[PDB]
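Novice: I am sharing final14.pdb, which consists of PDB, N, CA and C atoms:
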```
ATOM      1  N   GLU A 211     -25.699  12.735  11.962
ATOM      2  CA  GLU A 211     -25.142  11.627  11.134
ATOM      3  C   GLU A 211     -24.599  12.171   9.817
ATOM      4  N   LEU A 212     -23.630  11.458   9.249
ATOM      5  CA  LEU A 212     -22.992  11.902   8.022
ATOM      6  C   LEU A 212     -23.906  11.748   6.821
ATOM      7  N   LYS A 213     -23.817  12.733   5.938
ATOM      8  CA  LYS A 213     -24.573  12.779   4.693
ATOM      9  C   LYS A 213     -23.618  13.073   3.544
ATOM     10  N   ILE A 214     -23.947  12.571   2.359
ATOM     11  CA  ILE A 214     -23.248  13.005   1.158
ATOM     12  C   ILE A 214     -23.315  14.540   1.110
ATOM     13  N   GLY A 215     -22.192  15.146   0.752
ATOM     14  CA  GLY A 215     -22.086  16.596   0.714
ATOM     15  C   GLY A 215     -21.533  17.261   1.956
ATOM     16  N   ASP A 216     -21.396  16.515   3.051
ATOM     17  CA  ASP A 216     -20.888  17.106   4.272
ATOM     18  C   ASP A 216     -19.398  17.395   4.212
ATOM     19  N   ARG A 217     -18.980  18.496   4.829
ATOM     20  CA  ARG A 217     -17.570  18.839   5.000
ATOM     21  C   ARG A 217     -17.034  18.099   6.200
ATOM     22  N   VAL A 218     -15.910  17.411   6.015
ATOM     23  CA  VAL A 218     -15.392  16.492   7.019
ATOM     24  C   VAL A 218     -13.878  16.539   7.122
ATOM     25  N   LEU A 219     -13.371  15.996   8.232
ATOM     26  CA  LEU A 219     -11.981  15.602   8.370
ATOM     27  C   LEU A 219     -11.905  14.084   8.387
ATOM     28  N   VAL A 220     -10.884  13.559   7.720
ATOM     29  CA  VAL A 220     -10.570  12.134   7.795
ATOM     30  C   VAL A 220      -9.383  11.946   8.752
ATOM     31  N   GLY A 221      -9.584  11.136   9.793
ATOM     32  CA  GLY A 221      -8.536  10.893  10.777
ATOM     33  C   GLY A 221      -8.134  12.156  11.529
ATOM     34  N   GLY A 222      -9.013  13.154  11.527
ATOM     35  CA  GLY A 222      -8.699  14.443  12.127
ATOM     36  C   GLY A 222      -7.637  15.264  11.399
ATOM     37  N   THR A 223      -7.139  14.821  10.240
ATOM     38  CA  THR A 223      -5.978  15.465   9.620
ATOM     39  C   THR A 223      -6.165  16.008   8.201
ATOM     40  N   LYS A 224      -7.188  15.548   7.482
ATOM     41  CA  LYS A 224      -7.323  15.841   6.043
ATOM     42  C   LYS A 224      -8.764  16.283   5.772
ATOM     43  N   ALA A 225      -8.962  17.500   5.266
ATOM     44  CA  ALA A 225     -10.320  18.002   5.014
ATOM     45  C   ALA A 225     -10.841  17.621   3.632
ATOM     46  N   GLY A 226     -12.138  17.397   3.550
ATOM     47  CA  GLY A 226     -12.748  17.103   2.269
ATOM     48  C   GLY A 226     -14.260  17.087   2.366
ATOM     49  N   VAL A 227     -14.883  16.523   1.334
ATOM     50  CA  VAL A 227     -16.336  16.433   1.238
ATOM     51  C   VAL A 227     -16.764  14.975   1.027
ATOM     52  N   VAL A 228     -17.859  14.576   1.666
ATOM     53  CA  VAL A 228     -18.367  13.227   1.498
ATOM     54  C   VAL A 228     -18.980  13.109   0.101
ATOM     55  N   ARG A 229     -18.450  12.184  -0.690
ATOM     56  CA  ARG A 229     -18.963  11.925  -2.029
ATOM     57  C   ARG A 229     -19.753  10.629  -2.109
ATOM     58  N   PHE A 230     -19.582   9.763  -1.111
ATOM     59  CA  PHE A 230     -20.132   8.392  -1.142
ATOM     60  C   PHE A 230     -20.297   7.912   0.284
ATOM     61  N   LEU A 231     -21.397   7.208   0.542
ATOM     62  CA  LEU A 231     -21.639   6.561   1.826
ATOM     63  C   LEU A 231     -22.363   5.268   1.549
ATOM     64  N   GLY A 232     -21.721   4.140   1.799
ATOM     65  CA  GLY A 232     -22.368   2.866   1.509
ATOM     66  C   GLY A 232     -21.474   1.663   1.657
ATOM     67  N   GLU A 233     -22.031   0.539   1.266
ATOM     68  CA  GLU A 233     -21.294  -0.716   1.292
ATOM     69  C   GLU A 233     -20.281  -0.767   0.159
ATOM     70  N   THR A 234     -19.217  -1.544   0.359
ATOM     71  CA  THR A 234     -18.175  -1.688  -0.642
ATOM     72  C   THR A 234     -17.803  -3.152  -0.848
ATOM     73  N   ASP A 235     -16.988  -3.386  -1.867
ATOM     74  CA  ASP A 235     -16.509  -4.741  -2.173
ATOM     75  C   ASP A 235     -15.197  -5.076  -1.495
ATOM     76  N   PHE A 236     -14.594  -4.121  -0.786
ATOM     77  CA  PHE A 236     -13.285  -4.329  -0.173
ATOM     78  C   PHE A 236     -13.329  -4.515   1.349
ATOM     79  N   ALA A 237     -14.488  -4.289   1.973
ATOM     80  CA  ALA A 237     -14.577  -4.365   3.437
ATOM     81  C   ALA A 237     -16.036  -4.537   3.821
ATOM     82  N   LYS A 238     -16.251  -4.850   5.097
ATOM     83  CA  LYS A 238     -17.588  -4.947   5.688
ATOM     84  C   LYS A 238     -18.140  -3.580   6.101
ATOM     85  N   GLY A 239     -19.464  -3.508   6.195
ATOM     86  CA  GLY A 239     -20.135  -2.341   6.771
ATOM     87  C   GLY A 239     -20.154  -1.120   5.857
ATOM     88  N   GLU A 240     -20.426   0.031   6.442
ATOM     89  CA  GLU A 240     -20.545   1.258   5.677
ATOM     90  C   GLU A 240     -19.252   2.037   5.672
ATOM     91  N   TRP A 241     -18.865   2.447   4.468
ATOM     92  CA  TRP A 241     -17.672   3.261   4.265
ATOM     93  C   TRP A 241     -18.009   4.619   3.694
ATOM     94  N   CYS A 242     -17.208   5.597   4.074
ATOM     95  CA  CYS A 242     -17.320   6.952   3.600
ATOM     96  C   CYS A 242     -16.269   7.199   2.527
ATOM     97  N   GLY A 243     -16.696   7.577   1.331
ATOM     98  CA  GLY A 243     -15.759   7.995   0.294
ATOM     99  C   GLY A 243     -15.682   9.508   0.288
ATOM    100  N   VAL A 244     -14.484  10.010   0.523
ATOM    101  CA  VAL A 244     -14.244  11.445   0.692
ATOM    102  C   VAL A 244     -13.357  11.943  -0.448
ATOM    103  N   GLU A 245     -13.717  13.086  -1.023
ATOM    104  CA  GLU A 245     -12.822  13.791  -1.939
ATOM    105  C   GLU A 245     -12.165  14.910  -1.143
ATOM    106  N   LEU A 246     -10.847  14.825  -1.015
ATOM    107  CA  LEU A 246     -10.069  15.771  -0.223
ATOM    108  C   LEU A 246      -9.875  17.092  -0.964
ATOM    109  N   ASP A 247      -9.608  18.146  -0.201
ATOM    110  CA  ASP A 247      -9.221  19.434  -0.777
ATOM    111  C   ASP A 247      -7.847  19.382  -1.404
ATOM    112  N   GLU A 248      -6.959  18.602  -0.794
ATOM    113  CA  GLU A 248      -5.544  18.550  -1.173
ATOM    114  C   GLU A 248      -5.229  17.137  -1.640
ATOM    115  N   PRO A 249      -4.192  16.959  -2.482
ATOM    116  CA  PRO A 249      -3.882  15.640  -3.063
ATOM    117  C   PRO A 249      -3.173  14.684  -2.086
ATOM    118  N   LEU A 250      -3.855  14.398  -0.979
ATOM    119  CA  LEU A 250      -3.300  13.609   0.129
ATOM    120  C   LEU A 250      -3.968  12.243   0.188
ATOM    121  N   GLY A 251      -4.692  11.902  -0.879
ATOM    122  CA  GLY A 251      -5.443  10.651  -0.913
ATOM    123  C   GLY A 251      -4.729   9.577  -1.700
ATOM    124  N   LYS A 252      -5.449   8.494  -1.960
ATOM    125  CA  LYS A 252      -4.859   7.279  -2.537
ATOM    126  C   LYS A 252      -5.626   6.688  -3.704
ATOM    127  N   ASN A 253      -6.723   7.316  -4.100
ATOM    128  CA  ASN A 253      -7.549   6.805  -5.191
ATOM    129  C   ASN A 253      -8.301   7.961  -5.870
ATOM    130  N   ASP A 254      -9.056   7.629  -6.906
ATOM    131  CA  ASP A 254      -9.891   8.589  -7.616
ATOM    132  C   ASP A 254     -11.371   8.211  -7.475
ATOM    133  N   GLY A 255     -11.700   7.464  -6.416
ATOM    134  CA  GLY A 255     -13.083   7.045  -6.165
ATOM    135  C   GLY A 255     -13.361   5.588  -6.475
ATOM    136  N   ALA A 256     -12.352   4.902  -7.014
ATOM    137  CA  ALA A 256     -12.458   3.469  -7.311
ATOM    138  C   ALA A 256     -11.382   2.706  -6.551
ATOM    139  N   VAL A 257     -11.690   1.449  -6.216
ATOM    140  CA  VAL A 257     -10.713   0.523  -5.619
ATOM    141  C   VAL A 257     -10.908  -0.822  -6.291
ATOM    142  N   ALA A 258      -9.809  -1.423  -6.747
ATOM    143  CA  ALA A 258      -9.843  -2.784  -7.318
ATOM    144  C   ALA A 258     -10.883  -3.016  -8.414
ATOM    145  N   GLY A 259     -11.053  -2.071  -9.323
ATOM    146  CA  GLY A 259     -12.079  -2.280 -10.361
ATOM    147  C   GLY A 259     -13.549  -2.272  -9.937
ATOM    148  N   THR A 260     -13.850  -1.727  -8.756
ATOM    149  CA  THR A 260     -15.195  -1.221  -8.486
ATOM    150  C   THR A 260     -15.078   0.282  -8.291
ATOM    151  N   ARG A 261     -15.921   1.023  -9.005
ATOM    152  CA  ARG A 261     -15.984   2.470  -8.824
ATOM    153  C   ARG A 261     -17.141   2.848  -7.909
ATOM    154  N   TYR A 262     -16.834   3.651  -6.890
ATOM    155  CA  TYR A 262     -17.836   4.129  -5.939
ATOM    156  C   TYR A 262     -18.253   5.574  -6.201
ATOM    157  N   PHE A 263     -17.282   6.380  -6.628
ATOM    158  CA  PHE A 263     -17.530   7.758  -7.105
ATOM    159  C   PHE A 263     -16.374   8.117  -8.013
ATOM    160  N   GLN A 264     -16.415   9.317  -8.603
ATOM    161  CA  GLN A 264     -15.282   9.787  -9.401
ATOM    162  C   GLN A 264     -14.771  11.127  -8.904
ATOM    163  N   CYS A 265     -13.464  11.193  -8.671
ATOM    164  CA  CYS A 265     -12.808  12.476  -8.407
ATOM    165  C   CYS A 265     -11.455  12.492  -9.112
ATOM    166  N   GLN A 266     -10.721  13.573  -8.902
ATOM    167  CA  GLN A 266      -9.373  13.677  -9.409
ATOM    168  C   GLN A 266      -8.451  12.655  -8.723
ATOM    169  N   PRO A 267      -7.500  12.071  -9.471
ATOM    170  CA  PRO A 267      -6.556  11.140  -8.874
ATOM    171  C   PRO A 267      -5.808  11.788  -7.708
ATOM    172  N   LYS A 268      -5.559  10.985  -6.673
ATOM    173  CA  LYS A 268      -4.869  11.430  -5.460
ATOM    174  C   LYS A 268      -5.746  12.236  -4.502
ATOM    175  N   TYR A 269      -7.012  12.479  -4.845
ATOM    176  CA  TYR A 269      -7.868  13.240  -3.950
ATOM    177  C   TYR A 269      -8.889  12.366  -3.230
ATOM    178  N   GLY A 270      -9.002  11.103  -3.609
ATOM    179  CA  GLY A 270     -10.003  10.215  -2.989
ATOM    180  C   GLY A 270      -9.442   9.381  -1.839
ATOM    181  N   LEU A 271     -10.270   9.193  -0.813
ATOM    182  CA  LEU A 271      -9.947   8.311   0.321
ATOM    183  C   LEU A 271     -11.228   7.642   0.752
ATOM    184  N   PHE A 272     -11.139   6.393   1.204
ATOM    185  CA  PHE A 272     -12.264   5.763   1.880
ATOM    186  C   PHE A 272     -11.902   5.552   3.321
ATOM    187  N   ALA A 273     -12.880   5.694   4.194
ATOM    188  CA  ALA A 273     -12.655   5.501   5.627
ATOM    189  C   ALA A 273     -13.939   4.991   6.257
ATOM    190  N   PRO A 274     -13.835   4.211   7.350
ATOM    191  CA  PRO A 274     -15.055   3.893   8.111
ATOM    192  C   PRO A 274     -15.592   5.165   8.738
ATOM    193  N   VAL A 275     -16.893   5.203   8.997
ATOM    194  CA  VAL A 275     -17.494   6.415   9.542
ATOM    195  C   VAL A 275     -16.868   6.849  10.862
ATOM    196  N   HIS A 276     -16.366   5.896  11.655
ATOM    197  CA  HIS A 276     -15.708   6.244  12.904
ATOM    198  C   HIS A 276     -14.387   7.021  12.747
ATOM    199  N   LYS A 277     -13.889   7.114  11.515
ATOM    200  CA  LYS A 277     -12.683   7.883  11.238
ATOM    201  C   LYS A 277     -12.997   9.202  10.524
ATOM    202  N   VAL A 278     -14.286   9.511  10.393
ATOM    203  CA  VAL A 278     -14.738  10.705   9.640
ATOM    204  C   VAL A 278     -15.608  11.560  10.541
ATOM    205  N   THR A 279     -15.258  12.835  10.659
ATOM    206  CA  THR A 279     -15.979  13.724  11.549
ATOM    207  C   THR A 279     -16.278  15.023  10.834
ATOM    208  N   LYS A 280     -17.449  15.567  11.114
ATOM    209  CA  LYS A 280     -17.870  16.816  10.506
ATOM    210  C   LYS A 280     -16.963  17.957  10.961
ATOM    211  N   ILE A 281     -16.595  18.834  10.029
ATOM    212  CA  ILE A 281     -15.757  19.983  10.381
ATOM    213  C   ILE A 281     -16.463  20.823  11.438
ATOM    214  N   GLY A 282     -15.717  21.171  12.482
ATOM    215  CA  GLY A 282     -16.245  21.967  13.596
ATOM    216  C   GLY A 282     -16.420  21.168  14.874
ATOM    217  N   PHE A 283     -16.294  19.851  14.763
ATOM    218  CA  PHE A 283     -16.494  18.948  15.890
ATOM    219  C   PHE A 283     -15.181  18.240  16.214
ATOM    220  N   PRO A 284     -15.010  17.773  17.469
ATOM    221  CA  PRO A 284     -13.772  17.065  17.815
ATOM    222  C   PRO A 284     -13.706  15.711  17.103
ATOM    223  N   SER A 285     -12.526  15.352  16.612
ATOM    224  CA  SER A 285     -12.366  14.108  15.865
ATOM    225  C   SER A 285     -12.166  12.896  16.774
ATOM    226  N   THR A 286     -11.732  13.148  18.010
ATOM    227  CA  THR A 286     -11.579  12.113  19.039
ATOM    228  C   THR A 286     -11.949  12.676  20.409
ATOM    229  N   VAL A 296      -0.760  11.293  17.231
ATOM    230  CA  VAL A 296      -0.759  11.987  15.947
ATOM    231  C   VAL A 296      -1.467  13.330  16.109
ATOM    232  N   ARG A 297      -0.776  14.400  15.723
ATOM    233  CA  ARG A 297      -1.339  15.756  15.748
ATOM    234  C   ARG A 297      -2.541  15.825  14.797
ATOM    235  N   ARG A 298      -3.642  16.376  15.288
ATOM    236  CA  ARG A 298      -4.852  16.526  14.483
ATOM    237  C   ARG A 298      -5.231  17.983  14.375
ATOM    238  N   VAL A 299      -5.949  18.309  13.307
ATOM    239  CA  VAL A 299      -6.481  19.650  13.086
ATOM    240  C   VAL A 299      -7.430  20.026  14.202
ATOM    241  N   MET A 300      -8.375  19.126  14.459
ATOM    242  CA  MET A 300      -9.328  19.238  15.548
ATOM    243  C   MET A 300      -9.893  17.854  15.813
TER
END
```
Please re-express this file's structure in structure tokens.
Specialist:
Amino acid sequence: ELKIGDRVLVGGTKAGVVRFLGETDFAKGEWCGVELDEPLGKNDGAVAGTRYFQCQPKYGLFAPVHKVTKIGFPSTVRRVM
């Protein structure tokens, strides 16, 4: 299972680290907040005036856990793995 600090791919295409795992104000269920290696994201750890974590702008992404996979494992559009 995913833990804060894990190295992951989002959507099989973007590598980063789990910075946040929990409930949010923008959707149901548990979401993974990932800080990407590259500026391919859409936030800095906040959405709509709730902050979930802090990273550099353009490096943050949130995804449901079903879209986040640990590096080294199959993730399921061309994908890294």
Novice: When you count only C-alpha atoms, which of these residues is closest to residue 245 in chain A: A:225, A:269, A:285, A:260?
Specialist: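 Checking each candidate against residue 245 in chain A, we get A:269 as the closest.
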Novice: Any chance you could work out the residue set of the PyMOL selection byres ((chain A and resi 219) around 8) here, as a list in words?
Specialist: residues 216, 217, 218, 220, 221, 222, 223, 224, 225, 226, 227, 277, 278, 279, 280, 281, 282, 285 and 300 of chain A
Novice: Neighbouring residues of residue 252 in chain A were defined as those with any atom within 7 Å, considering all atoms listed in the file; residues of the same chain fewer than 2 positions away were excluded. Please report them as a list in words.
Specialist: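 Surrounding residues, per the criterion: residues 249, 250, 254, 255, 267, 268, 269, 270, 271 and 272 of chain A.
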Novice: Give the answer as one residue: which of A:240, A:233, A:251, A:299 has the shortest atom-to-atom distance to residue 276 in chain A, using only C-alpha atoms?
Specialist: A:240
Novice: To verify the selection step, state as a VMD selection string which residues the PyMOL selection byres ((chain A and resi 243) around 5) yields on this input.
Specialist: chain A and resid 228 to 231 241 to 242 244 to 245 271 to 272
Novice: Check the smallest atom-to-atom distance from each of A:236, A:213, A:296, A:275 to residue 258 in chain A using all atoms listed in the file, then report the winner.
Specialist: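 Checking each candidate against residue 258 in chain A, we get A:236 as the closest.
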Novice: For atom N of residue 264 in chain A and atom C of residue 211 in chain A, quote the distance in Å rounded to one decimal.
Specialist: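 So the two atoms, atom N of residue 264 in chain A and atom C of residue 211 in chain A, lie 20.4 Å apart.
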Novice: Would you return as a ChimeraX atom specification the members of chain A that DSSP assigns to strand (DSSP E or B) on this structure's backbone?
Specialist: /A:217-220,224-233,240-246,253,256-257,260-261,270-274,278-280
Novice: Please put the answer as JSON: centre and edge lengths, in Å with one decimal, of a box along x, y and z that encloses all listed atoms of range 248-258 of chain A plus 4 Å on each side.
Specialist:
```
{"center_x": -8.3, "center_y": 7.8, "center_z": -4.1, "size_x": 18.2, "size_y": 29.6, "size_z": 16.6}
```
Novice: Can you measure atom C of residue 234 in chain A to atom C of residue 263 in chain A for me? One decimal in Å is fine.
Specialist: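 For atom C of residue 234 in chain A relative to atom C of residue 263 in chain A, the distance reads 13.4 Å.
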Novice: Which residue, A:248, A:212, A:253, A:232, has the smallest gap to residue 265 in chain A when you use all atoms listed in the file?
Specialist: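 Of A:248, A:212, A:253, A:232, the one nearest residue 265 in chain A, counting all atoms listed in the file, is A:253.
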Novice: Could you jot down the CA of residue 283 in chain A to atom C of residue 239 in chain A separation for me, Å, one decimal place?
Specialist: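 According to the coordinates, CA of residue 283 in chain A and atom C of residue 239 in chain A are separated by 22.7 Å.
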